[PDB]
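Participant: Below you'll find the sequence and an experimental structure to go with it.
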Amino acid sequence: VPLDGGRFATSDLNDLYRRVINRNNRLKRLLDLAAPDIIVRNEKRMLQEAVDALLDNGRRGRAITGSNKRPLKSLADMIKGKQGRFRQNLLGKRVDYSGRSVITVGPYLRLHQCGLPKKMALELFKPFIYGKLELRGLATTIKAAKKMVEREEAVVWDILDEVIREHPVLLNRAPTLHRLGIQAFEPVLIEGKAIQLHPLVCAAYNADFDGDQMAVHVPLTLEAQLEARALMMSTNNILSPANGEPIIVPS
Amino acid sequence: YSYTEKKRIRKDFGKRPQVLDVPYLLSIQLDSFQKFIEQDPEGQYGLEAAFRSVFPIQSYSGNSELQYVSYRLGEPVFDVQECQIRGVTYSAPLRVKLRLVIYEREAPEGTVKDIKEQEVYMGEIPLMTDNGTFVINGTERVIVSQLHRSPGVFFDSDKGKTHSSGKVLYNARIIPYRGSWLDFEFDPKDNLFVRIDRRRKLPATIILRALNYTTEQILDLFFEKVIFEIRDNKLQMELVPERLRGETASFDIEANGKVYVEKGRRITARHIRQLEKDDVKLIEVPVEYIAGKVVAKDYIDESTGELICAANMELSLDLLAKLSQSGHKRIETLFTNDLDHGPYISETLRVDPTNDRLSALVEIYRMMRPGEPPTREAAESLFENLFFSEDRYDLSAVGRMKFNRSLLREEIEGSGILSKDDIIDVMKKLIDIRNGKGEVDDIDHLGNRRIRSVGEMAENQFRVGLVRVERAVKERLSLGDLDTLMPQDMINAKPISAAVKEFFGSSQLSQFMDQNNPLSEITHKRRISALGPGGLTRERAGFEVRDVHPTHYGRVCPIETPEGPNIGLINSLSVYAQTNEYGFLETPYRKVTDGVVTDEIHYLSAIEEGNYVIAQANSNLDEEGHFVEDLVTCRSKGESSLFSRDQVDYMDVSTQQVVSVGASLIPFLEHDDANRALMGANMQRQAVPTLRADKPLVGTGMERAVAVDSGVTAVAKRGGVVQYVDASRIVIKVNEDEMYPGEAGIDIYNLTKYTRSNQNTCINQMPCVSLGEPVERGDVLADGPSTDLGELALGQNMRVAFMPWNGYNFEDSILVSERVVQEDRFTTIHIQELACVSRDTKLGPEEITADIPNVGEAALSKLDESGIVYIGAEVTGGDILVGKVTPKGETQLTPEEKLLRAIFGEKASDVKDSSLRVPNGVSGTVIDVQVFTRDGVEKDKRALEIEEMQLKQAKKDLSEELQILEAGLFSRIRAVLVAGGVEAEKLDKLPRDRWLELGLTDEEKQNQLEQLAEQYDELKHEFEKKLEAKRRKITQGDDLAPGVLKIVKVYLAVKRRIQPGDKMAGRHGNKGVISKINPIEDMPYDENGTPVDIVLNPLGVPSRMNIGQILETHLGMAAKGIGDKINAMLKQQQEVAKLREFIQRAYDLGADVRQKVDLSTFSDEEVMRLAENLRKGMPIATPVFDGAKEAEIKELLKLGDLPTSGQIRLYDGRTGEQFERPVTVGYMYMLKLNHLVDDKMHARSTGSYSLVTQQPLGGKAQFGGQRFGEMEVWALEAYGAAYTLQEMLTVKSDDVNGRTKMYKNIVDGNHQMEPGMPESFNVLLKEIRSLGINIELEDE
Amino acid sequence: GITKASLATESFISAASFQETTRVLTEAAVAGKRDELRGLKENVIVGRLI
Amino acid sequence: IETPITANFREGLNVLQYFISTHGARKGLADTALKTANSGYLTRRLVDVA
Amino acid sequence: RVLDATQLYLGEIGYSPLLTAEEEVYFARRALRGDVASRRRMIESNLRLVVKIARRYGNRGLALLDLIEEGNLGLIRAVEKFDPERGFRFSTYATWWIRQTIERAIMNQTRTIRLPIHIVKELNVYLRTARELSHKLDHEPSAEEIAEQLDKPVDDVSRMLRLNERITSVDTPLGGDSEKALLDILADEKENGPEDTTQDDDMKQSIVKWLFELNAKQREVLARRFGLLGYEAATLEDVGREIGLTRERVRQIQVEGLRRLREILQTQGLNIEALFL
DNA sequence: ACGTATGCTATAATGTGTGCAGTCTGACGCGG
DNA sequence: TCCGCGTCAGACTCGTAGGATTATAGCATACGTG
Ligand SMILES: [Mg+2]
């Protein structure tokens, strides 16, 4: 695929493929010439070297290094370990309806509450604004609703504020050790780019207000709204599963 | 004391007078690169070395050859000013003279046949600034000094390779600067092995055979000799009394007359002196004793001529009798000892399957090139090429030095190649350590970790350029015609240029300067790393490397290193630390002569530190004499204890040499845990400079030193009176004594005005001097972005109070007043640079006009006709900075768009849109715009308006240069003319253009008038070509990437205010997020009324153990107490004498204050300019370890009429009622870290998608969703929440059907689960099929 | 052992998702094994109901 | 060390007392970064089997 | 023993004939007249010569094993067409072939984006002209500076430099630290996210209701023309194929549909609001 | 006709090597 | 069957930063499409 800069970029597989096809076609040429066997031998050894390098480069011998003196990424490599498809691009995913930001204290909040910035929740609940907008008849179509949101007009804040009520949001902190590493709350819109978290559940995340960031996630489906309120709500999660002991405890 | 110091003096609580003044902190970087360019005549260093090393190069036939003559540096094409802006390397032309000499073939060596000679370019080398930076592609970048294992020899031992045996296997290893590795290692059976390049394991006698050593010679080298004489019938044996030592008498030991030891008895030191004094030489012994002993040399039967027994063969009774009757009654055998002189080479030869020299070179060849049939030359060439060729191998100076002093040798300086001697000497000391004597070296000792600065590394990379040219020279010389081919046709300039830019870009050590703070610049140039090429790796890195080693003392800082996986490897250099001439580190030390602590200083190497005993700086001098106490706490041999006076040999110079720059700025570090001290010094580097530079009330003194040496300020080259002050520049008139008699003598300092940083922050230089002020040489004339009267100003001090506040300071959370926000004091500047690129697509060229399709008149309001936003125009996310349009191809206007473009008309022509618009969310003020155009296609009208300014501004700027330079030049002539022909007004009648017309008598001053007259003309002619260079480089088309036609670079200027989410900290590692900006109504306040600025949590203190912050607070309050008293007297408008008494009483309070500043010396006018700067608060210096103690701080608090305690009666602002009990209040110098929330927060609903995984991208950089990793997944599995997970696996990530389908369902209101199956899995199916595996989805 | 007990489950998808991924697949290819999905890793991969 | 640190944080450490404090400080914070991977890897190992 | 494909072949050539002047002629004379064994020998013999020629053409594009294979094919074409009757040696004649066959095979399999010889041959002279200039200008020559010495076109020089532009692999790390490659950054062109997918779906569904809400004979010659409801995007004159069969009345009815629809966009709250877009 | 591709040259030349070498605990798999 | 030593497998989880290569002759008919 071509870069914006007029450059192109190719995967190392294409490069490894050209090694296989070149040598294979050169063998077809040498079998046409009925060349002496000593040469045919090298060609067959080469062909194998290329095929084995295509399937799993770094294994039989030296992995074929390329341009930046680094080894070419083969097929097996995209199925192999952390950096493979499994762990990196299948079990682990970057996810929509997600935002992260510096957290700060919320000593005014109740346990089932958390400060959510307005401009964060704005972008997060984008399809829910366009939906409630067509219902009121303020938007006739969706690109009309898109511009209504963009202009940040006064009456759009009040609609955003409508959908968010009675709607839980997931708050995650890295790293996710135990299940309590995510808890759900009822978002409270606050003017400011900082998330405001409940002091007592700080224990579960191990979240120190010394510059921590927490990922936000919006539960889309009604089932996810029920799951977030039933299972993942902060009030329904008190005691640790490890020990029948309260993790929600002042400090 | 100086003038700039007279304006504001810092009260110093030091009691250890500085015998050594803090050096220039950027010593290493500047001195290192200085060596690299330095064309040394003989003592090759840098480039001169690189040429003499590789050159002369000769053809593969050896009939023609290329010889190096001399090289030179041309002045830079573009200077720093220009380079920083355009965006190309600040480099100098490399012109090297080459000489092509060709010999006659049949003739001996016809050297004089064609001595061709010419000069040739190859590559442009990035130069170093005066700041110690490299401008690469318009970025001042810093190359970090590397820390690597020093070449030479090194003895190690895996204390249990096989814990099966649990045997400490000792090994030796010869580490060269260039060449192959040479290791020697034992094994469970103590057989010596050699492993070149750590390849195959080969018996260690095979390498000796290769050096032509017969079995006999080998044994004769290592083992001693035992003589056996067979006299008549009695077998006899030579005894050195000191041999049967710590062994058992296996036989009856009896002499000329006496039985000493009985059978089966230990021979003690008594029995050894018994025999040694009796002068015993010969002893009669049994023949059963030799059974086991190894014969030394060969023994042929004199009679037959056959070997009765070969060398190195265990004797027996029958072999000994065969030797007695052969006719040998003098036998030589090995002195084998299982305890001391060990038999290793002996047992090794029994394993060794080789035979002679030539066969030993075979297995050496069969190791490294296995499969190639070996010849006499191939086997010999390889081995000789390894450690014995001037080409392949080079230990270097440090290599041979460490190699020699490791073998306790004779030479410091010797040969680059390994000699036979060297190899065996190394095997010998390995075997010494194995025996018992000799200690192994440890790698963590800095005596083995050498430092390699940029200049040495630039030299190395410059060699590979020469090596890669060597290839192209030789092959072109041999087959190419001799005569025709010129030397530059065979040279290539790209391999050198590419290999050097490889270093100045891709290398781990070449990284973008962290210049978001003077401290960041200076500590990042003083960074030293063990990583990158030829070093270590997080993957490879152990613990003992990272651990602080007692060698670090005075050399490296114990508390300066990232807390990340790159923790112990990266390290800043110590304050007074410096590089050894060879490579190691060295630290200053006061020599003690005959008890007397002499002021003579000696920088002791890492090696010699261990030798002498070194007293600590805590020790008390007797004011020119010796240590006051008889006993002195000192340290040596890497340990610490008390010693007597005469036993002390050296002493720590200052008390600050243990620490680095980063740590020398922390006050009361002595009262801070090392864990929080580290974080504190790490965050002090992250301190973004504020709007108004506020000096620190609670400093160390090092403040000024940092600000000045950082090269961010502008300090005076020559002292005199500031002829002119200006915001843009400074003009100073030099005094007669300093001013040169040749030139005019008026220095020019054009101060760097607001422009961007590598971290997108402000850079300004404001004049810190008044118009027409007398200034001394080396005084700060303009302050930097984070400096104040030359002292460092990183953050701002404020009244702080430690107490909880309704949990708004919960876990280190910060509660800041609105009054801080009102003063806009922590409000920061952020200069952001955005660019607009006109490219050449397949469809056609792009341009830059105001004509943009699908736009509002509102968007094109801030643009001009050319299509660039006005200077000073406020902009916001969505507004367009620069109008761009690209070609639109065959475009399928969809029916719904063809109808919509037909209804609202506006039939847009063949053109697209890609105008550079302010990124959604940013908003600031455009401060400047710069246009780069290729040499060709005609220009924008705005690009012409900018050319107008550059030119007419340069014409003015150069007019101003020649004008003020003229005035300073005639100012001299005017003074010269008076000396001799004294006439005042009559001389000043006619104009000044006819002054060179007037002269003087035959005198030195007549020659002076001729100098100034022809130098005035020299400037008059110079002015034209100075104008030419400016004019051309403005008309010149700036060379761009292929495809690009022109570029427009915009500079915004954002003013972000502090807000909840912003991260701030002290310098004691006390972190915190601002949680709430409290109303001024709600802020606590003292009885007197002034409110508190920040309210910190007291619980962020005990657990932390960083009590330095509390002392910072107390002293800051005391310091302010004094400023508050001075503020009151200056407001009351009292008197000069009243201020004098109080201020003299303030400066003189400490026990033994270092500075004793008398104010009787200060004039009345000098006192009031001082007091005026003291009113914000008397700035105090608390040296790192020689800081102020409670006795001094509480005494200062009594001067300020502050409480001894430091706790004040506070009242709650919300209410008005008092708090239940007193709270600590004072001024803590806090900082605003770069981790600002506006640069953190992110949000996404739906946006971009990945290329193959088809899941969203990553980061707010590319607008990507947060990653939900497997750990995040298991959490929902535990909850039971199944849809919430499936929702985050499919619709929110890959599921292409799901994501769009779900979107449409949400806007409908029906939040309904509609899964399908992520693409990333559908990929995994085909990926396993591409690997030749049948993976299909078997159905129900 | 844990490392071994993970690679033992009849689910080869769960085994390859863990580690030894080069080996798991080859042993599963030669056996011609068909995984009928019981585990969580198995159904999280395919993006189905847990 | 045979000789421990006599002072406290109120009284102030001398120059070595800090140098000595370093040895323990850096190695304690080295095991915060490096040893976490063995413990975090255990979490991974345990999960897959369970 | 030996398990490197390099050293194995390099062994087998090390045990092959090393021919004399009259030997070359004896075999070659029979090789042209097809001795079978003869063509095999001359080739077997001069594999050693191919290796020394690939030793100078290495570290530039392909590996040493790839130069030898294609270098062997040059020796074979040299054997297919050698002149033994000529008194001149073979080693001389075969070198011209082995140097050519290598250069040619490198010009093809070196670049990912296949570059024919024409564009390449020329590129070299532009680059080799840059050498001369660079040494004497001490400044890497511009596209102009190369054009002024050859006296050739500006865009030619520039477009030939555009084809020299080399690639970064998508799987290449960033910042010399395995953290993220370019694929974990680079966006997908083809598929725009749900917001753009639902834009067209919602915009088109509203249009379908607008046609049913307008006159039946006004949306019958409008949607069928633009190809909105119909199957092919026709023109004013081509709408006559349906039922209209008119040119004037089709143009009046098309515009009558658009005029009533322009009032429908001014009343819904777009017109000038949706004109910016 | 234009762009791409195929083709030949004749002093003699005849066997490569190149490049990081404090990872480490734990676990098998081929000979010996 | 057991011991030694070779290969081969893992190494917590999320955020941010920026840059660049060498060279393949030279010229004349052979092969593909408006
Ligand atoms: Mg934290």
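Facilitator: Nice, I can see it. Numbers count the residues shown, from 1 in each chain, chains lettered A, B, ... in the order given.
Participant: Just want the residue of chain C that's nearest chain E.
Facilitator: Here chain C gets closest to chain E at one residue, residue C:47, 16.8 Å apart by Cβ to the nearest Cβ. Yep, even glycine has a C-beta here, placed from its N, CA and C like the rest.
Participant: what's the burial count for that residue?
Facilitator: Around residue C:47 there are 26 other residues, counting by other Cβ atoms under 10 Å in any protein chain shown.
Participant: And it, how close does it get to residue B:943?
Facilitator: Residue C:47 is 54 Å from residue B:943, where distance means Cβ to Cβ, to the nearest Å.
Participant: Settle this for me: the residue of chain C closest to chain E is touching residue B:1315, isn't it.
Facilitator: Yes - the criterion here is Cβ atoms under 8 Å, and residue C:47 meets it with residue B:1315 at 6.0 Å.
Participant: contacting residues for the residue of chain C closest to chain E?
Facilitator: B:1286, B:1289, B:1290, B:1294, B:1295, B:1315, B:1316, B:1317, B:1318, B:1321 (Cβ atoms under 8 Å, 6 or more residues apart in numbering or on different chains).
Participant: Show me which helix runs longest in the chain.
Facilitator: With no chain named, the answer covers chain A. helix A:12-33 (DSSP state H).
Participant: um, chain C though
Facilitator: In chain C, assigned by DSSP H, the helix with the most residues is helix C:21-31.
Participant: Which of the residues in it are classified as buried?
Facilitator: Within helix C:21-31, the residues that qualify as buried are C:21, C:22, C:24, C:25, C:28, C:29, counting by 16 or more other Cβ atoms under 10 Å in any protein chain shown.
Participant: Stretch B:869-881 now?
Facilitator: Buried-residue list, stretch B:869-881, by 16+ other Cβ under 10 Å: B:869, B:873, B:875, B:879, B:880, B:881.
Participant: Pick out the most distant pair among the residues you listed.
Facilitator: Pairwise distances across these (Cβ to Cβ) peak at 11.1 Å, for the pair B:873 and B:880.
Participant: Name the residues contacting each of those two.
Facilitator: residue B:862.
Participant: Just the endpoints, please. Distance across stretch A:84-95?
Facilitator: Start and end residues of stretch A:84-95 are separated by 19 Å (Cα to Cα, to the nearest Å).
Participant: Is there proximity between it and chain D?
Facilitator: No - on the criterion Cβ under 8 Å from any Cβ of the partner chain, stretch A:84-95 is out of touch with chain D, staying 9.7 Å away.
Participant: residues in contact with that stretch?
Facilitator: Defining contact as Cβ under 8 Å, 6+ apart, one finds that stretch A:84-95 is touched by A:77-79, A:81-82, A:217, B:1253, B:1255-1258, B:1264-1270, B:1272-1273, B:1288-1289, B:1292-1294, B:1318, B:1320-1321, B:1323-1324, B:1327, C:16-17, C:21, C:41, C:44-45.
Participant: quick one: contacts for the residue lying closest to residue B:1240 once chain neighbours are set aside?
Facilitator: In this structure, residue B:1240 finds its nearest non-sequential neighbour in residue A:102, 5.1 Å apart by Cβ to Cβ, 6 or more residues apart in numbering or on different chains. By Cβ under 8 Å, 6+ apart, the contact list for residue A:102 reads A:193-195, A:211-213, B:1061-1063, B:1073, B:1235, B:1237, B:1240-1241.
Participant: My guess is residue B:36 contacts residue B:463. True?
Facilitator: No - counting by Cβ under 8 Å, residue B:463 is not a contact partner of residue B:36; they are 11.7 Å apart.
Participant: which of the two has more neighbours?
Facilitator: residue B:36 (22 against 18).
Participant: do you know how far the more buried one is from residue B:43?
Facilitator: 14 Å.
Participant: ok, the closest residue to residue B:58 other than its chain neighbours - contacts?
Facilitator: Nearest residue to residue B:58, sequence neighbours excluded (Cβ to Cβ, 6+ apart): residue B:65, at 3.5 Å. Applying Cβ under 8 Å, 6+ apart, we find residue B:65 in contact with B:56, B:57, B:58, B:59, B:100, B:101, B:102, B:103, B:477.
Participant: mind redoing it with 7 Å?
Facilitator: B:56, B:57, B:58, B:59, B:101 (Cβ atoms under 7 Å, 6 or more residues apart in numbering or on different chains).
Participant: What separation do you get for the last one and chain D?
Facilitator: When distances are taken as Cβ to the nearest Cβ, to the nearest Å, residue B:101 and chain D turn out to be 59 Å apart.
Participant: That residue reaches residue B:115, doesn't it?
Facilitator: Yes - using Cβ atoms under 7 Å, residue B:101 is in contact with residue B:115, at 5.8 Å.
Participant: what about the two, which has more around it?
Facilitator: Between residue B:101 and residue B:115, counted using other Cβ under 10 Å, the more crowded position is residue B:101 (18 against 11).
Participant: Could you measure from that one over to residue B:112?
Facilitator: Distance from residue B:101 to residue B:112, by Cβ to Cβ: 9 Å.
Participant: rewinding a little: show me how far the longest helix of chain A is from its chain's centre.
Facilitator: Counting by Cα atoms, centre = their mean, to the nearest Å, helix A:12-33 is centred 39 Å from the centre of its parent chain.
Participant: What are the contacting residues of that helix?
Facilitator: A:39-40, A:43, A:46-47, A:50-51, A:53-54, A:66, A:72-75, E:69, E:76, E:109, E:112, E:169, E:171.
Participant: Spatially nearest residue to the closest residue to chain E within the stretch 251-400 of chain B, not counting backbone neighbours?
Facilitator: Distance from chain E to each residue of the stretch 251-400 of chain B (Cβ to the nearest Cβ) is smallest for residue B:371, at 3.1 Å. Ranked by Cβ to Cβ, 6+ apart and with sequence neighbours excluded, the top spatial neighbour of residue B:371 is residue E:2, at 3.1 Å.
Participant: SS state for that neighbour?
Facilitator: Residue E:2 carries the three-state label coil when classified by DSSP: H, G, I helix; E, B strand; the rest coil.
Participant: Please apply the same query to residue B:712.
Facilitator: Residue B:712 - assigned by three-state DSSP - is coil.
Participant: was I right about it contacting residue B:784?
Facilitator: Yes - using Cβ under 7 Å, residue B:712 is in contact with residue B:784, at 3.6 Å.
Participant: who's more crowded, the two?
Facilitator: Taking other Cβ under 10 Å, residue B:712 and residue B:784 do not tie; residue B:784 has more neighbours (28 against 25).
Participant: Number of residues surrounding residue B:460?
Facilitator: Around residue B:460 there are 15 residues (other Cβ under 10 Å).
Participant: tell me which strands and helices the strand or helix carrying it is in contact with?
Facilitator: Element membership of residue B:460 [criterion: DSSP states H and E] is helix B:454-479. The elements that helix B:454-479 packs onto, with contact taken as 3 or more Cβ pairs under 7 Å, 6 or more residues apart in numbering or on different chains; DSSP states H and E, are helix B:27-37, helix B:47-54, strand B:57-58, helix B:487-490, helix B:494-503.
Participant: Test of understanding: give the bridge partners of the residue nearest the centre of chain A.
Facilitator: Central residue of chain A (Cα atoms, centre = their mean): residue A:94, 1.0 Å from the mean position. Using DSSP bridges, the bridge partners assigned to residue A:94 are residue B:1267.
Participant: Doesn't the residue nearest to residue B:58 belong to a strand?
Facilitator: Yes - under three-state DSSP, residue B:65 falls within a strand.
Participant: correct me, but residue E:65 touches residue E:6?
Facilitator: Yes - using Cβ under 7 Å, residue E:65 makes contact with residue E:6 at a distance of 6.2 Å.
Participant: hang on, the earlier thing: tabulate the CA atom coordinates of the longest helix of chain C in CSV.
Facilitator: Listed next in CSV are the C-alpha coordinates belonging to helix C:21-31 (Å, rounded to 0.1, in the frame of the first residue of the first chain):
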residue,chain,number,x,y,z
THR,C,21,2.1,-22.5,19.2
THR,C,22,4.5,-23.9,16.5
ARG,C,23,4.3,-27.4,18.1
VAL,C,24,0.6,-27.4,19.1
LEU,C,25,-0.6,-26.9,15.5
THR,C,26,1.7,-29.5,14.0
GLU,C,27,0.7,-32.2,16.5
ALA,C,28,-3.0,-31.2,16.0
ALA,C,29,-2.6,-31.3,12.1
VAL,C,30,-1.1,-34.8,12.2
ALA,C,31,-3.8,-36.1,14.5
